[PDB]
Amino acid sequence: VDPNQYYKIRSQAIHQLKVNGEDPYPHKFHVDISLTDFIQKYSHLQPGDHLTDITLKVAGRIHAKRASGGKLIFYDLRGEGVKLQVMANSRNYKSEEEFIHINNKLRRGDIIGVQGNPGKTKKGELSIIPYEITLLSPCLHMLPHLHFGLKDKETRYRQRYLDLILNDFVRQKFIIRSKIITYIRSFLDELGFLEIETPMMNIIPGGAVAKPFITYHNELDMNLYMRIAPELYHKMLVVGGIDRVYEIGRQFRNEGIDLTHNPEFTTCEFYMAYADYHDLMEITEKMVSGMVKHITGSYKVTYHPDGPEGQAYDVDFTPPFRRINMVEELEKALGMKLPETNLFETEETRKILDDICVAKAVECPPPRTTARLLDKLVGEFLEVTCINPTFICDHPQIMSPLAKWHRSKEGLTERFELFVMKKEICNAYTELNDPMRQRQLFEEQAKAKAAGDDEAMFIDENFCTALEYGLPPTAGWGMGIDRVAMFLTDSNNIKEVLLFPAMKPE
């Protein structure tokens, strides 16, 4: 049968139902009990059982309609990740006439309401035997018969509702995603953090390195930018005396789409007064391992980066996490000494790293800055070794415009990134609170922005002023929720953990 024909015919049929006052879209059906509770309550029933003294109203979507007579029709009711059989017998329905009528009405895909008695077939399938079946909302389209589920990603991501009907695991991915977010909130709330909201539109975007979205405000005749990170606002709040803050919210980047990249994504940021990044490493260990254990039942999870048609990695979130220092470990991987860390701002250094990238075949598209070449090298040699949760620590100041200088190692900063499965999930640092250094760094950033780099960031003077009023010694932290969602739902693709991911149109 042809799906368009099916649609035309079915639309006609429902229209007919409308003109007959047969009410194909009722207003209210009173559900007595969830399918889940119904199953949990009446599973103990024996084959052949039929409770005459219990009558219940359940609802759901028809997955299948099959006959075993002209007086016997079985419907497969689905809901809540679960199934219940509707055993519609003529003898138990209110009329023969109405039984015939309702069975002529219903097609696979319909939302129905069922009022009936709990029972179980001779085979032993728990069922509900209907006194009355009510059409709650008809499905006008033909739902696909599929052998391997809905696999076509275009269909799955554009029509998420289809994915959710036809595929059982999708639901659980988004449940897990919610569990993550809620767990984090509970963690932080219990540590005395105040959940806050900061602006998503600013006049100058800051907090990370990214190409922003630009929109126009009509009444004010100025451009606003969509935010890339709430960082600077939080630090201002800490100056104002709120010692512990967090926000779980959306961030925006005008980039492209890949497996780890959507234009809008969810992050959690928190800022904590009188903490340094060692404290943040300890809290991060507790939060991530706790999260994984609470949600999945264990510290060990399996990941298939290349899909189920590929290798499985065993990821161990058992604390403590491996720690590596970026520069030393990069040297160790390269088998060569890199220049002294106080010499990273020089051209000699840039030239050395350039040569090494060329010789090790690591691409760095222009501009081939020291910071970028470093990043590409780290990505090639260190990040790939990070299967289990690994802290990469002590980044150069040239990669970290807002991180406080390292108290031992000149040219470095008190910063870390959490890597899991070769990808970054956290970024944190002891915050820079010296207004002068912060302004200098902003100035170098603005100089790099003058040469043409659209990701390198602006000078926020309000933020520098705020620093001048006295930002306490503070440590800050950011986490990519979507990525954590990926690794905990065994998704190799960010489109899997976004309900409605961005798609280049058709």
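Note that residue numbering begins at 1 and tracks the sequence as displayed. What we label the rigid core is the largest C-alpha set whose atoms superpose within 1.5 Å from one form to the other.
When the other structures are laid on the shown form by the rigid core, the stretch among 371-379 and 69-77 with the greater C-alpha deviation in 4 other deposited structures of this protein turns out to be 371-379. Superposing on the core and measuring CA offsets in 4 other deposited structures of this protein, the stretch of 281-289 and 316-324 with the greater mean deviation is 316-324.
Gaps at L146 occur in at least a third of the other compared entries of the protein that contain both adjacent residues. Among the other PDB entries of this protein that were compared and that flank it with modelled residues, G470 is modelled in all, so it is never left out in a third of them. A summary of the deposited B-factors shows that, of 165-173 and 390-398, the stretch with the larger mean C-alpha value is 165-173.
Relative to one another, 5-13 and 491-499 have unequal mean CA B-factors, and 5-13 is the one with the higher figure.
Among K123, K423, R185, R323, the highest C-alpha B-factor recorded in the PDB entry belongs to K123. When the C-alpha B-factors of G109, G310, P263, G297 are read from the PDB record, the largest value belongs to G310.
The PDB entry assigns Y225 a C-alpha temperature factor belonging to the middle third of its chain's modelled residues.
Sort the modelled residues of the chain by CA B factor and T215 lands in the middle third. Among the modelled residues of the chain, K57 sits in the middle third by CA temperature factor in this PDB entry. Sorting the modelled residues of the chain by their CA temperature factor places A475 in the middle third.
In this PDB entry, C357 carries a Cα temperature factor that places it within the middle third of its chain's modelled residues.
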